[PDB]
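Colleague: Following this line is query-v2.txt, made up of compact mmCIF, C-alpha atoms and all ligand atoms:
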# COMPACT_ATOMS: atom_id res chain seq x y z
CA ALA A 4 -49.92 -96.06 23.70
CA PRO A 5 -53.61 -96.61 24.54
CA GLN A 6 -55.24 -93.45 25.87
CA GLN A 7 -56.00 -95.03 29.25
CA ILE A 8 -52.29 -95.72 29.78
CA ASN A 9 -51.20 -92.24 28.69
CA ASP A 10 -53.80 -90.67 30.98
CA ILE A 11 -53.03 -92.63 34.14
CA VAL A 12 -49.27 -92.26 33.61
CA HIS A 13 -49.49 -88.49 33.22
CA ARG A 14 -51.83 -88.08 36.20
CA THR A 15 -49.69 -90.30 38.44
CA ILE A 16 -46.07 -89.75 37.43
CA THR A 17 -46.00 -86.05 36.52
CA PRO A 18 -47.34 -85.13 40.01
CA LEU A 19 -44.91 -87.58 41.62
CA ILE A 20 -42.05 -85.81 39.82
CA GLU A 21 -43.48 -82.44 40.98
CA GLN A 22 -43.91 -83.65 44.59
CA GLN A 23 -40.46 -85.30 44.86
CA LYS A 24 -38.38 -82.88 42.75
CA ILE A 25 -37.08 -85.70 40.52
CA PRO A 26 -34.75 -84.34 37.79
CA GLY A 27 -35.12 -87.24 35.34
CA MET A 28 -37.33 -90.29 35.11
CA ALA A 29 -38.11 -93.21 32.83
CA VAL A 30 -41.18 -95.45 33.16
CA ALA A 31 -42.22 -98.57 31.30
CA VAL A 32 -45.78 -99.82 31.67
CA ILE A 33 -46.22 -103.40 30.52
CA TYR A 34 -49.86 -103.86 29.54
CA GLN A 35 -51.07 -107.10 27.97
CA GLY A 36 -47.42 -108.09 27.81
CA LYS A 37 -46.27 -105.07 25.74
CA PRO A 38 -44.12 -102.21 27.06
CA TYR A 39 -45.09 -98.56 26.69
CA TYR A 40 -42.32 -96.07 27.46
CA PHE A 41 -42.40 -92.62 29.04
CA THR A 42 -39.57 -90.25 29.90
CA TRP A 43 -39.26 -86.91 31.69
CA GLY A 44 -36.51 -84.45 32.48
CA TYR A 45 -32.75 -84.69 32.35
CA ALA A 46 -30.13 -87.40 32.66
CA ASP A 47 -27.51 -84.65 33.11
CA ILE A 48 -28.90 -81.32 34.32
CA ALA A 49 -25.90 -79.12 33.57
CA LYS A 50 -25.42 -80.56 30.07
CA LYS A 51 -29.19 -80.39 29.45
CA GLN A 52 -29.12 -83.99 28.25
CA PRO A 53 -32.66 -85.42 28.29
CA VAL A 54 -33.64 -88.79 29.65
CA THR A 55 -34.21 -91.14 26.70
CA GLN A 56 -35.05 -94.82 26.32
CA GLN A 57 -31.25 -95.39 26.09
CA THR A 58 -30.38 -93.62 29.36
CA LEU A 59 -28.67 -95.85 31.92
CA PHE A 60 -29.86 -95.61 35.53
CA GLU A 61 -28.40 -97.18 38.66
CA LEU A 62 -30.77 -99.96 39.73
CA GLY A 63 -29.45 -100.24 43.27
CA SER A 64 -30.97 -103.19 45.08
CA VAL A 65 -33.11 -104.13 42.07
CA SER A 66 -29.79 -105.75 41.10
CA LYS A 67 -30.66 -108.52 43.57
CA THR A 68 -33.33 -109.80 41.16
CA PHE A 69 -30.59 -110.55 38.63
CA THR A 70 -28.51 -112.22 41.36
CA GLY A 71 -31.47 -114.34 42.44
CA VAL A 72 -32.21 -115.49 38.90
CA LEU A 73 -28.53 -116.26 38.28
CA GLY A 74 -28.58 -118.37 41.43
CA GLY A 75 -31.76 -120.08 40.25
CA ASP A 76 -30.06 -120.82 36.93
CA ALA A 77 -27.16 -122.41 38.86
CA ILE A 78 -29.67 -124.58 40.76
CA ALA A 79 -31.27 -125.65 37.49
CA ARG A 80 -27.82 -126.59 36.14
CA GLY A 81 -27.19 -128.77 39.21
CA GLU A 82 -24.20 -126.60 40.13
CA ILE A 83 -25.52 -125.71 43.62
CA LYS A 84 -28.28 -126.74 45.99
CA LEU A 85 -29.87 -124.24 48.36
CA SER A 86 -29.44 -126.78 51.18
CA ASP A 87 -25.66 -126.82 50.67
CA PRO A 88 -23.56 -125.44 53.54
CA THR A 89 -21.77 -122.15 52.89
CA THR A 90 -18.53 -123.89 53.88
CA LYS A 91 -18.77 -126.23 50.88
CA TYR A 92 -17.99 -123.21 48.66
CA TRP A 93 -15.70 -121.35 51.09
CA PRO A 94 -13.92 -123.91 53.28
CA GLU A 95 -11.72 -121.19 54.80
CA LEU A 96 -14.84 -120.03 56.70
CA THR A 97 -13.85 -122.26 59.60
CA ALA A 98 -15.51 -120.30 62.41
CA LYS A 99 -18.13 -122.38 64.22
CA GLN A 100 -21.00 -119.91 63.77
CA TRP A 101 -21.05 -120.93 60.09
CA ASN A 102 -22.08 -124.49 60.97
CA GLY A 103 -25.61 -124.85 59.68
CA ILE A 104 -25.73 -121.70 57.50
CA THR A 105 -26.77 -122.73 54.00
CA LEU A 106 -26.93 -121.01 50.63
CA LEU A 107 -30.69 -120.69 51.20
CA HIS A 108 -30.05 -118.65 54.34
CA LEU A 109 -27.62 -116.34 52.53
CA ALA A 110 -29.95 -115.86 49.56
CA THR A 111 -32.99 -115.03 51.73
CA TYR A 112 -31.43 -112.90 54.51
CA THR A 113 -32.07 -115.63 57.12
CA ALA A 114 -28.52 -116.55 58.19
CA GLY A 115 -29.05 -114.91 61.60
CA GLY A 116 -28.27 -111.21 61.36
CA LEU A 117 -25.61 -110.64 58.74
CA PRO A 118 -25.43 -106.83 58.51
CA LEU A 119 -27.09 -104.56 56.00
CA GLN A 120 -23.76 -103.48 54.49
CA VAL A 121 -20.34 -105.01 54.08
CA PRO A 122 -18.09 -102.51 55.92
CA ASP A 123 -16.47 -99.89 53.70
CA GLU A 124 -13.07 -100.91 55.11
CA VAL A 125 -13.27 -104.26 53.25
CA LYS A 126 -10.97 -103.69 50.26
CA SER A 127 -9.47 -107.16 49.66
CA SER A 128 -10.28 -110.86 49.68
CA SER A 129 -8.54 -111.35 53.03
CA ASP A 130 -10.50 -108.40 54.45
CA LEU A 131 -13.72 -110.10 53.33
CA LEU A 132 -12.78 -113.43 54.94
CA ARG A 133 -11.93 -111.71 58.21
CA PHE A 134 -15.29 -109.91 58.15
CA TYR A 135 -17.30 -113.12 57.78
CA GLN A 136 -15.03 -115.08 60.16
CA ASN A 137 -15.54 -112.52 62.94
CA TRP A 138 -19.26 -111.93 62.44
CA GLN A 139 -21.36 -113.19 65.35
CA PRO A 140 -25.01 -114.06 64.64
CA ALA A 141 -27.76 -112.56 66.75
CA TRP A 142 -30.12 -115.44 65.92
CA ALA A 143 -30.04 -119.08 64.92
CA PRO A 144 -30.18 -119.71 61.15
CA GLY A 145 -33.57 -119.87 59.51
CA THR A 146 -35.51 -117.93 62.16
CA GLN A 147 -35.30 -114.19 61.44
CA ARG A 148 -35.13 -112.22 58.20
CA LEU A 149 -32.84 -109.18 58.26
CA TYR A 150 -32.43 -107.67 54.79
CA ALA A 151 -28.70 -107.59 54.08
CA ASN A 152 -26.39 -106.83 51.17
CA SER A 153 -23.73 -108.88 52.98
CA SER A 154 -26.02 -111.93 52.88
CA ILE A 155 -27.27 -112.12 49.29
CA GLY A 156 -23.96 -110.62 48.16
CA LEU A 157 -22.11 -113.65 49.50
CA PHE A 158 -24.77 -115.94 48.01
CA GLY A 159 -24.11 -114.53 44.55
CA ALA A 160 -20.33 -114.76 44.88
CA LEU A 161 -20.48 -118.39 46.01
CA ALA A 162 -23.24 -119.49 43.61
CA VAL A 163 -20.95 -118.87 40.60
CA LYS A 164 -17.96 -120.79 41.96
CA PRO A 165 -18.82 -124.16 40.31
CA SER A 166 -19.00 -122.45 36.93
CA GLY A 167 -15.40 -121.24 37.16
CA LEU A 168 -16.62 -117.83 35.99
CA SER A 169 -16.44 -114.51 37.77
CA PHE A 170 -19.77 -113.17 38.98
CA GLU A 171 -19.72 -110.59 36.17
CA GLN A 172 -18.88 -113.11 33.45
CA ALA A 173 -21.53 -115.54 34.70
CA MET A 174 -24.15 -112.77 34.76
CA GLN A 175 -23.27 -111.56 31.26
CA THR A 176 -23.09 -115.02 29.68
CA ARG A 177 -25.98 -116.72 31.50
CA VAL A 178 -28.52 -113.91 32.03
CA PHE A 179 -27.89 -110.67 30.15
CA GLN A 180 -26.86 -112.13 26.80
CA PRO A 181 -29.57 -114.82 26.43
CA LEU A 182 -32.24 -112.23 27.33
CA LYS A 183 -30.72 -109.67 24.90
CA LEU A 184 -30.17 -107.14 27.71
CA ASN A 185 -27.42 -105.52 25.63
CA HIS A 186 -27.50 -102.21 27.54
CA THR A 187 -27.34 -103.65 31.05
CA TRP A 188 -24.00 -103.50 32.82
CA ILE A 189 -22.24 -104.27 36.06
CA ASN A 190 -19.38 -102.07 34.80
CA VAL A 191 -20.39 -99.44 32.24
CA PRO A 192 -17.98 -99.67 29.26
CA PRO A 193 -16.26 -96.44 28.16
CA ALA A 194 -18.26 -96.23 24.94
CA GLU A 195 -21.52 -96.37 26.92
CA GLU A 196 -20.63 -93.71 29.52
CA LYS A 197 -22.32 -91.08 27.32
CA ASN A 198 -25.69 -92.62 28.22
CA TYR A 199 -25.04 -92.98 31.97
CA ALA A 200 -27.31 -90.56 33.83
CA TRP A 201 -26.04 -88.67 36.83
CA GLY A 202 -27.76 -89.21 40.13
CA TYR A 203 -28.62 -86.13 42.17
CA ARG A 204 -28.23 -85.89 45.95
CA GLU A 205 -28.54 -82.50 47.66
CA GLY A 206 -27.95 -80.85 44.29
CA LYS A 207 -24.73 -82.75 43.55
CA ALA A 208 -24.21 -85.11 40.61
CA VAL A 209 -23.15 -88.51 41.91
CA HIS A 210 -22.55 -92.11 40.86
CA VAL A 211 -22.40 -95.12 43.17
CA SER A 212 -18.95 -95.86 44.58
CA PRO A 213 -17.21 -99.25 44.35
CA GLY A 214 -17.73 -101.58 47.28
CA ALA A 215 -17.31 -105.21 48.25
CA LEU A 216 -19.97 -107.44 46.67
CA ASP A 217 -21.49 -104.40 44.94
CA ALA A 218 -22.26 -106.23 41.68
CA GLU A 219 -24.27 -108.86 43.54
CA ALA A 220 -26.24 -106.53 45.82
CA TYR A 221 -26.63 -103.08 44.26
CA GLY A 222 -24.32 -102.41 41.30
CA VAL A 223 -26.22 -103.02 38.02
CA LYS A 224 -27.04 -100.17 35.60
CA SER A 225 -29.67 -100.52 32.88
CA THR A 226 -31.99 -98.69 30.49
CA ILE A 227 -35.78 -98.51 30.62
CA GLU A 228 -35.96 -100.74 27.50
CA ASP A 229 -33.77 -103.47 28.99
CA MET A 230 -35.66 -103.29 32.30
CA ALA A 231 -38.97 -103.68 30.46
CA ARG A 232 -37.52 -106.77 28.78
CA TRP A 233 -36.41 -108.03 32.20
CA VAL A 234 -39.99 -107.65 33.43
CA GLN A 235 -41.33 -109.41 30.32
CA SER A 236 -38.91 -112.29 30.96
CA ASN A 237 -40.09 -112.60 34.58
CA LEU A 238 -43.75 -112.34 33.50
CA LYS A 239 -43.38 -115.04 30.81
CA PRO A 240 -40.56 -117.42 31.74
CA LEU A 241 -41.80 -120.04 29.26
CA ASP A 242 -40.85 -117.69 26.41
CA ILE A 243 -37.20 -118.09 27.41
CA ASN A 244 -35.62 -120.75 25.22
CA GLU A 245 -32.73 -121.55 27.58
CA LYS A 246 -34.30 -124.07 29.97
CA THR A 247 -31.97 -123.40 32.92
CA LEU A 248 -32.76 -119.68 32.73
CA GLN A 249 -36.49 -120.29 32.35
CA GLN A 250 -36.27 -122.44 35.47
CA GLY A 251 -34.02 -119.98 37.29
CA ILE A 252 -36.64 -117.27 36.79
CA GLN A 253 -39.29 -119.59 38.18
CA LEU A 254 -37.12 -120.57 41.18
CA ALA A 255 -36.47 -116.90 42.02
CA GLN A 256 -40.25 -116.45 42.33
CA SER A 257 -40.74 -119.52 44.52
CA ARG A 258 -41.85 -118.72 48.08
CA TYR A 259 -39.21 -119.79 50.63
CA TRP A 260 -40.31 -117.86 53.74
CA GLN A 261 -43.38 -115.95 54.88
CA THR A 262 -43.63 -112.94 57.17
CA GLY A 263 -47.03 -111.32 57.43
CA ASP A 264 -48.40 -111.13 53.91
CA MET A 265 -44.96 -111.10 52.26
CA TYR A 266 -43.06 -114.04 50.80
CA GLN A 267 -39.31 -114.06 50.18
CA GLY A 268 -38.00 -115.29 46.84
CA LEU A 269 -34.46 -115.16 45.45
CA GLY A 270 -34.09 -111.41 45.09
CA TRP A 271 -37.75 -110.94 44.27
CA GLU A 272 -40.38 -110.52 46.98
CA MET A 273 -43.98 -111.56 46.45
CA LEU A 274 -47.48 -111.12 47.84
CA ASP A 275 -50.74 -112.78 46.85
CA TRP A 276 -52.75 -110.84 44.23
CA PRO A 277 -55.03 -109.01 44.85
CA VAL A 278 -52.76 -107.23 47.30
CA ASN A 279 -53.66 -104.84 50.09
CA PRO A 280 -51.99 -101.71 48.66
CA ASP A 281 -51.29 -100.26 52.10
CA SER A 282 -49.21 -103.31 52.98
CA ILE A 283 -46.86 -102.94 50.00
CA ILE A 284 -46.72 -99.14 50.32
CA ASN A 285 -46.12 -99.10 54.06
CA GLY A 286 -43.93 -102.20 54.01
CA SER A 287 -41.50 -100.51 51.63
CA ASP A 288 -40.55 -97.83 54.18
CA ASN A 289 -36.96 -98.52 55.21
CA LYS A 290 -37.87 -98.45 58.90
CA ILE A 291 -40.01 -101.54 58.20
CA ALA A 292 -38.31 -103.20 55.25
CA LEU A 293 -34.94 -103.23 57.02
CA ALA A 294 -36.13 -104.39 60.45
CA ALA A 295 -35.58 -107.92 61.68
CA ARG A 296 -38.75 -110.01 61.52
CA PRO A 297 -39.44 -113.68 62.31
CA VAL A 298 -40.05 -115.92 59.31
CA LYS A 299 -41.99 -119.14 58.80
CA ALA A 300 -40.35 -121.67 56.49
CA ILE A 301 -42.26 -122.93 53.47
CA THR A 302 -41.08 -126.50 52.85
CA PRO A 303 -41.10 -127.33 50.05
CA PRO A 304 -41.01 -123.78 48.70
CA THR A 305 -44.22 -122.87 46.92
CA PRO A 306 -43.64 -122.94 43.15
CA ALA A 307 -44.06 -119.51 41.55
CA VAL A 308 -47.67 -118.39 41.96
CA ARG A 309 -49.07 -116.58 38.91
CA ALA A 310 -51.57 -114.60 41.03
CA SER A 311 -48.83 -112.62 42.78
CA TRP A 312 -47.61 -109.06 43.07
CA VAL A 313 -43.87 -109.55 42.47
CA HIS A 314 -41.61 -106.59 43.20
CA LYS A 315 -38.33 -105.04 44.30
CA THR A 316 -37.19 -101.56 45.38
CA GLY A 317 -33.71 -100.14 44.98
CA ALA A 318 -31.74 -97.02 45.70
CA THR A 319 -28.25 -95.59 45.57
CA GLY A 320 -27.15 -92.18 46.84
CA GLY A 321 -28.46 -90.55 43.67
CA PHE A 322 -31.07 -92.94 42.24
CA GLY A 323 -34.37 -94.59 43.13
CA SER A 324 -35.84 -97.57 41.26
CA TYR A 325 -38.87 -99.81 41.50
CA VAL A 326 -40.09 -102.84 39.56
CA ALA A 327 -43.43 -104.62 40.06
CA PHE A 328 -45.42 -107.13 38.02
CA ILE A 329 -48.42 -109.47 38.18
CA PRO A 330 -47.88 -112.62 36.04
CA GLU A 331 -51.56 -113.60 35.89
CA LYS A 332 -52.49 -110.21 34.44
CA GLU A 333 -49.42 -109.76 32.14
CA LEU A 334 -49.06 -106.38 33.76
CA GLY A 335 -45.99 -104.64 35.13
CA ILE A 336 -44.12 -101.41 35.68
CA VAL A 337 -40.56 -100.15 35.87
CA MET A 338 -39.82 -96.73 37.41
CA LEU A 339 -36.23 -95.40 37.16
CA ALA A 340 -35.31 -92.00 38.61
CA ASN A 341 -32.07 -90.10 39.17
CA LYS A 342 -32.97 -88.98 42.69
CA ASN A 343 -33.36 -91.27 45.70
CA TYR A 344 -36.89 -90.48 46.94
CA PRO A 345 -38.93 -92.45 49.47
CA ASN A 346 -39.95 -95.99 48.61
CA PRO A 347 -43.62 -95.56 49.67
CA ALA A 348 -44.09 -92.81 47.06
CA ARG A 349 -42.76 -95.19 44.36
CA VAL A 350 -44.95 -98.10 45.38
CA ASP A 351 -48.07 -95.93 45.72
CA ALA A 352 -47.62 -94.58 42.19
CA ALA A 353 -47.00 -98.06 40.79
CA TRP A 354 -50.13 -99.46 42.41
CA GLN A 355 -52.26 -96.53 41.20
CA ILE A 356 -51.15 -97.25 37.63
CA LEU A 357 -51.46 -101.05 37.69
CA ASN A 358 -54.75 -100.94 39.62
CA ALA A 359 -56.19 -98.60 36.97
CA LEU A 360 -55.17 -101.00 34.19
CA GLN A 361 -56.21 -104.37 35.64
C1 LIG B 401 -30.74 -101.38 47.70
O1 LIG B 401 -30.86 -100.51 46.88
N1 LIG B 401 -30.58 -101.01 49.07
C2 LIG B 401 -30.59 -101.97 50.24
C3 LIG B 401 -31.25 -101.25 51.39
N2 LIG B 401 -32.60 -100.80 50.97
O2 LIG B 401 -33.25 -101.87 50.37
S1 LIG B 401 -34.18 -101.19 49.17
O3 LIG B 401 -33.42 -100.38 48.13
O4 LIG B 401 -35.15 -100.29 49.88
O5 LIG B 401 -34.89 -102.27 48.49
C4 LIG B 401 -30.43 -100.05 51.71
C5 LIG B 401 -30.34 -99.07 50.60
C6 LIG B 401 -29.93 -99.70 49.27
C7 LIG B 401 -28.41 -99.80 49.25
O6 LIG B 401 -27.86 -100.43 50.11
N3 LIG B 401 -27.71 -99.11 48.17
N4 LIG B 401 -26.28 -99.10 48.16
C8 LIG B 401 -25.78 -98.19 49.23
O7 LIG B 401 -26.59 -97.65 49.91
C9 LIG B 401 -24.28 -97.93 49.62
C10 LIG B 401 -23.51 -97.13 48.70
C11 LIG B 401 -22.12 -96.97 49.24
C12 LIG B 401 -21.80 -97.80 50.48
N5 LIG B 401 -22.33 -99.18 50.47
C13 LIG B 401 -23.61 -99.31 49.78
CL CL B 402 -53.87 -83.74 34.88
ZN ZN B 403 -51.81 -82.87 34.56
Re-express the file's structure as structure tokens.
Ligand SMILES: *C(=O)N1C[C@H](NOS(=O)(=O)O)CC[C@H]1C(=O)NNC(=O)[C@@H]1CCCNC1
Ligand SMILES: [Cl-]
Ligand SMILES: [Zn+2]

Modeller:
Amino acid sequence: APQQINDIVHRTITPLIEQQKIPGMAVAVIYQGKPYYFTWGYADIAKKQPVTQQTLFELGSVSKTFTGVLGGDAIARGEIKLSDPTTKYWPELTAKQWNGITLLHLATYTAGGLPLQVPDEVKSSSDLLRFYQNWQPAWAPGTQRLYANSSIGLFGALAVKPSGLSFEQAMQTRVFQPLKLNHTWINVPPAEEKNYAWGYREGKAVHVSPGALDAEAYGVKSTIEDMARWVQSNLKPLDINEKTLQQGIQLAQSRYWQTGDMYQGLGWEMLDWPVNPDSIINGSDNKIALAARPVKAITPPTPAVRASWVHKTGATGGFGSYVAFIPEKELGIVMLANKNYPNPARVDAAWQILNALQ
């Protein structure tokens, strides 16, 4: 890599690892469209297995970017419209509070207070129906954003219904395979388990547990190489030969709602570039990011703005991830770690690196 990249990465990430006690980490810096890879530490401490460019990390909520793009691809195929009522795809949702809740609302956390998590007690399809049938909104649709796995999770599950494919099969066929993300998995196959890092929480090696709508909201695992290619694909959608996927990427970066200086996409979130770094750093703290906030509709949604900071955080019990990119500058970063450490520390390090390289 260019010396300036090596220098800023060492001076930013090695101290972050020191400060946060991260056992293993992989970083990709995309500079002038090209990824440069860096790794530190161990994927499995007790086995002394190093992190490599083939190590799989849990992406946590970064998974939502795949879900958003898959939904955008379904829009571009004409299979769904964001204005469609939820009940078109799940007519058994007969409870009256669902009148007026659209796929847009589900995708963008604006349905009116769907909860952060689907309850752990939901183990079956009938359990899931009962959960949504009994949920009572705190707000009218399209007025407040409350980040929620139960919201975008349902969006993803319904968005694939016209295809006749399972969520996993749709994701593999329509997103992972065309983009050659051949080491990205909703379910890690047995032959790939050897590359699956352990997450570390309070000294214990952990992997994320199964849960309802996990694949859609927080369940993807990937390598630093595949995540760099994901960033490249989102930086340069016109390089994608499959038109529906090119357009799905663009639709996931359209601006559907605004709160403060942040715009909600499909999975992705965006701010105008140049960004105020304190707003992205501070806004990533879970006390802020997970609070309910009023939104202003953008109608029609703003088509993807090249001069944007586009990003997403994610975590599981044992992992912490962050992706950010700036299309106009062909500049991006992926940070994958096998400890869950605070979001503001991730975002601050990412901005120090990208700011140094602009
Ligand atoms: C995504 O990783 N999230 C959603 C939310 N934080 O948003 S973000 O990561 O800061 O962007 C809460 C934490 C995290 C998440 O929900 N991960 N999955 C889990 O926490 C649980 C594991 C087991 C029980 N249900 C989900
Ligand atoms: Cl130094
Ligand atoms: Zn040093």

Colleague: Which residue is closest to residue 64 in chain A? Choose from A:292, A:283, A:220, A:278 and count all atoms listed in the file.

Modeller: A:220

Colleague: From the options A:240, A:118, A:251, A:156, which residue's atoms come nearest to residue 77 in chain A, counting all atoms listed in the file?

Modeller: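 With all atoms listed in the file as the atom set, the closest residue is A:251.
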
Colleague: Throw together the list of residues within 12 Å of ligand CL 402 (chain B), counting all atoms listed in the file, and drop it here as an MDAnalysis selection string.

Modeller: chainID A and resid 9:19

Colleague: Can you measure CA of residue 309 in chain A to CA of residue 238 in chain A for me? One decimal in Å is fine.

Modeller: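 Separation of CA of residue 309 in chain A and CA of residue 238 in chain A: 8.7 Å.
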
Colleague: Please, which residues in chain A fall within 7 Å of ligand LIG 401 (chain B) when counting only C-alpha atoms and all ligand atoms, and what is the closest atom pair and distance in Å to one decimal for each, ordered by chain then residue number, as JSON lines?

Modeller:
{"residue": "A:63", "atom": "CA", "partner": "B:LIG401", "partner_atom": "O1", "distance": 3.9}
{"residue": "A:64", "atom": "CA", "partner": "B:LIG401", "partner_atom": "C1", "distance": 3.2}
{"residue": "A:65", "atom": "CA", "partner": "B:LIG401", "partner_atom": "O1", "distance": 6.4}
{"residue": "A:120", "atom": "CA", "partner": "B:LIG401", "partner_atom": "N5", "distance": 6.1}
{"residue": "A:123", "atom": "CA", "partner": "B:LIG401", "partner_atom": "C12", "distance": 6.6}
{"residue": "A:152", "atom": "CA", "partner": "B:LIG401", "partner_atom": "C2", "distance": 6.5}
{"residue": "A:211", "atom": "CA", "partner": "B:LIG401", "partner_atom": "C10", "distance": 6.0}
{"residue": "A:212", "atom": "CA", "partner": "B:LIG401", "partner_atom": "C11", "distance": 5.7}
{"residue": "A:214", "atom": "CA", "partner": "B:LIG401", "partner_atom": "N5", "distance": 6.1}
{"residue": "A:221", "atom": "CA", "partner": "B:LIG401", "partner_atom": "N4", "distance": 5.6}
{"residue": "A:287", "atom": "CA", "partner": "B:LIG401", "partner_atom": "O4", "distance": 6.6}
{"residue": "A:289", "atom": "CA", "partner": "B:LIG401", "partner_atom": "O4", "distance": 5.9}
{"residue": "A:292", "atom": "CA", "partner": "B:LIG401", "partner_atom": "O4", "distance": 6.9}
{"residue": "A:293", "atom": "CA", "partner": "B:LIG401", "partner_atom": "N2", "distance": 6.9}
{"residue": "A:315", "atom": "CA", "partner": "B:LIG401", "partner_atom": "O5", "distance": 6.1}
{"residue": "A:316", "atom": "CA", "partner": "B:LIG401", "partner_atom": "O5", "distance": 3.9}
{"residue": "A:317", "atom": "CA", "partner": "B:LIG401", "partner_atom": "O3", "distance": 3.2}
{"residue": "A:318", "atom": "CA", "partner": "B:LIG401", "partner_atom": "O1", "distance": 3.8}
{"residue": "A:319", "atom": "CA", "partner": "B:LIG401", "partner_atom": "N3", "distance": 4.4}
{"residue": "A:320", "atom": "CA", "partner": "B:LIG401", "partner_atom": "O7", "distance": 6.3}
{"residue": "A:346", "atom": "CA", "partner": "B:LIG401", "partner_atom": "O4", "distance": 6.6}

Colleague: Please identify all polymer residues lying at most 10 Å from the point (-41.2, -115.2, 54.6) (file coordinates), using all atoms listed in the file, and present the result as an NGL selection string.

Modeller: :A and (111 or 113 or 146-148 or 258-268 or 272-273 or 296-301)

Colleague: Pick the closest to residue 24 in chain A from A:179, A:112, A:203, A:325: which is it, counting all atoms listed in the file?

Modeller: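 Among the listed residues, A:203 lies closest to residue 24 in chain A.
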
Colleague: Give the answer as one residue: which of A:291, A:174, A:339, A:20 has the shortest atom-to-atom distance to ligand ZN 403 (chain B), using all atoms listed in the file?

Modeller: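 For ligand ZN 403 (chain B), the nearest of the candidates is A:20.
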
Colleague: Just want the 10 Å neighbourhood of residue 141 in chain A, counted on all atoms listed in the file, with same-chain residues fewer than 3 positions away dropped. Output as a list in words.

Modeller: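 My list of contacting residues is residues 114, 115, 116, 117, 138, 144 and 147 of chain A.
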
Colleague: Given only C-alpha atoms as the basis, pick out the residue of A:54, A:8, A:160, A:231 nearest to residue 28 in chain A.

Modeller: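 Of A:54, A:8, A:160, A:231, the one nearest residue 28 in chain A is A:54, counting only C-alpha atoms.
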
Colleague: Find the residue from A:190, A:100, A:56, A:127 that sits nearest to residue 229 in chain A; use all atoms listed in the file when measuring.

Modeller: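 Of all the options, A:56 lies closest to residue 229 in chain A.
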
Colleague: Separation of CA of residue 335 in chain A and CA of residue 33 in chain A, in Å?

Modeller: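 Separation of CA of residue 335 in chain A and CA of residue 33 in chain A: 4.8 Å.
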